[PDB]
Amino acid sequence: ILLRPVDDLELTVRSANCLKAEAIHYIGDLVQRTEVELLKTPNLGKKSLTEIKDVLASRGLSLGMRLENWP
Amino acid sequence: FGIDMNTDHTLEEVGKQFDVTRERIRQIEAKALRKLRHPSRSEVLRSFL
Amino acid sequence: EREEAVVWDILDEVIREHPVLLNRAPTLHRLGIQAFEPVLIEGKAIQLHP
DNA sequence: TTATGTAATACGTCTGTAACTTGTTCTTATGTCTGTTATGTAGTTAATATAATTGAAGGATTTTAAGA
DNA sequence: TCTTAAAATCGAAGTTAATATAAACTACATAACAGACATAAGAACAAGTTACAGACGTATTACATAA
């Protein structure tokens, strides 16, 4: 799952839009960032972030883990 | 496409289901098509090539 | 068709206890057809118990 | 003590994104009509000529109907 | 009661892959093939209608400061 691109998460056009604007392309890039780092993204609000959290937690994953030597 | 159905239907009678509008039916079908093309729900269908 | 190894293990598991019927013509009596447990062998000839 | 003024904080909210939907407008695939050529059908020919036809072959036993 | 012609039967697999002779002209109607046009179906763009998001601005309360 760590080797799939972000679009696989099936994000709302608002979300995928924002994360494609910050060059966050890979789920490792999603997880190594924290909640506050994402909430600082322009046009990334609280409810967008909470739906990212819900969908990513659907796949047994969570925010904030440290991945060594990524990638 | 006529799945589980005797006949195939064009945009007209597909609209005749709830609202008789052509371009909405087309856009709905295209949205469904790119949604299915998503690599997450198409591996089971790609095996039939 | 590619004859992979796992195909061979699967074949062993299917033939593990599936009997096969051996026949020789002319079938003069009912002993001309009998059931045997197959053992997979390399070759092209059927090995028959004496 | 109490006005005052800064500051945290929670809630409206104005605006920027995006979904749903229709107009309409243009393009193309298809069904149909029409004209022309090839195909398919049919009728006729008037010295005279007048009982096929081609094979094919070392069978050995039974049972069952016709003929007398 | 005795010939005499017919009728029927005659082991399994296995393999196997065929041939090869012998009217014409004319007249008519029909079917097929090609081309062009109209129509129905879809593709493309643009607009409108609508609610929600995202961060800002505001309002409220509590702490600090001033009298």
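Hydrogens, waters and symmetry mates are skipped; everything else that's a heavy atom, side chains included, is used. Here is how names work: the chains are called A, B, and so on, in the same order as the sequence lines, proteins then strands, and each is numbered from 1.
Looking at the side chain of A:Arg14, the nearest of the listed nucleotides D:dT17, D:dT22, E:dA12 is D:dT17. The side chain of B:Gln27 has E:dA46 as its nearest neighbour among D:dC20, E:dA46, E:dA41. Relative to the side chain of C:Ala25, the nucleotides E:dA13, D:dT22, E:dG11 differ in distance, and E:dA13 lies closest.
Base stacking between D:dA49 and D:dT50 is absent, since the six-membered rings fail either the under 5.5 Å centre distance or the under 30° plane angle. Neighbours E:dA8 and E:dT9 form a stacked pair of bases, judged on six-membered rings within the 5.5 Å and 30° limits. Using a cut-off of 5.5 Å between ring centres and 30° between planes, the six-membered base rings of D:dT28 and D:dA29 qualify as stacked. Bases of consecutive nucleotides E:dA6 and E:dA7 are stacked, their six-membered rings being centred less than 5.5 Å apart at a plane angle below 30°. Between D:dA51 and its strand neighbour D:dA52 the base rings do not stack, failing centres under 5.5 Å or planes under 30°.
Donor-acceptor pairing under 3.5 Å, judged by distance alone, is present between the side chain of B:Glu23 and the base of E:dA44.
For the pair B:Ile25 CD1 and E:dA40 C1', the computed distance is 18 Å after rounding to whole Å.
Going from atom CG of A:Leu63 over to atom NZ of A:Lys53 covers 8.5 Å, rounded to the nearest 0.5 Å.
Side-chain N/O atoms of A:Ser15 and A:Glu51 include a donor and acceptor closer than 3.5 Å. For the residue pair C:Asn23 / C:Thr27, a side-chain donor-acceptor distance below 3.5 Å is found, with atom types taken as modelled.
Taken together through direct or relayed side-chain contacts under 4.5 Å among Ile, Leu, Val, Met, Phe, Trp and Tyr, A:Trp70 and A:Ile27 form part of one hydrophobic cluster. The hydrophobic cluster containing C:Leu31 does not contain C:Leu48, counting ILVMFWY residues as joined when their side-chain heavy atoms lie under 4.5 angstrom apart, directly or transitively.
When each of C:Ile15, C:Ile10, C:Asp9 is checked for a side chain to side chain contact (heavy atoms under 4.5 Å, CB included) with C:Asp12, only C:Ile15 meets the rule. Of the listed residues (A:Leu11, A:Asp7, A:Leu9), just one forms a side chain to side chain contact (heavy atoms under 4.5 Å, CB included) with A:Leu19, and that residue is A:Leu11.
Nearest-nucleotide positions on DNA chain E for B:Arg26 and A:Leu39 put B:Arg26 closer to the 5' end. In this structure, B:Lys31 and B:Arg22 both approach DNA chain D, and ranking their closest nucleotides by distance from the 5' end singles out B:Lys31.
Nucleic acid contact class of C:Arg24 (heavy atoms, under 4.0 Å, all strands): none. Within 4.0 Å of A:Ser48, counting heavy atoms only, lie sugar-phosphate atoms of the nucleic acid but no base atom. Within the nucleic acid shown, C:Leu28 has no heavy atom closer than 4.0 Å to any nucleic acid atom.
For D:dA38, the sign convention on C1'-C2'-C3'-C4' gives a south pucker, since the angle is negative.
If you check E:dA67 for Watson-Crick or wobble pairing at under 3.5 angstrom, you find it has no partner at all. Look at E:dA13: it lacks any Watson-Crick or wobble partner with both distances under 3.5 angstrom.
Within the structure, a side-chain polar atom (N or O) of A:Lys47 is placed less than 4.0 Å from OP1 or OP2 of E:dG54. Remark: B:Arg24 is not in phosphate contact with D:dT22, judged by side-chain N or O atoms under 4.0 Å from OP1 or OP2. Dashed line: the shortest gap from a side-chain N or O of B:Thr21 to OP1 or OP2 of D:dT22 is under 4.0 Å.
Rounded to whole Å, the separation between the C1' atoms of E:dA53 and D:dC11 comes to 16 Å. Across the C1' atoms, D:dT4 and E:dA62 are found 13 Å apart, a figure rounded to whole Å.
In DNA chain D, runs of at least 3 consecutive Watson-Crick or G-U pairs, each pair with both distances below 3.5 Å, span D:10-14 with E:54-58, D:16-38 with E:30-52, D:59-62 with E:7-10, D:65-68 with E:1-4.
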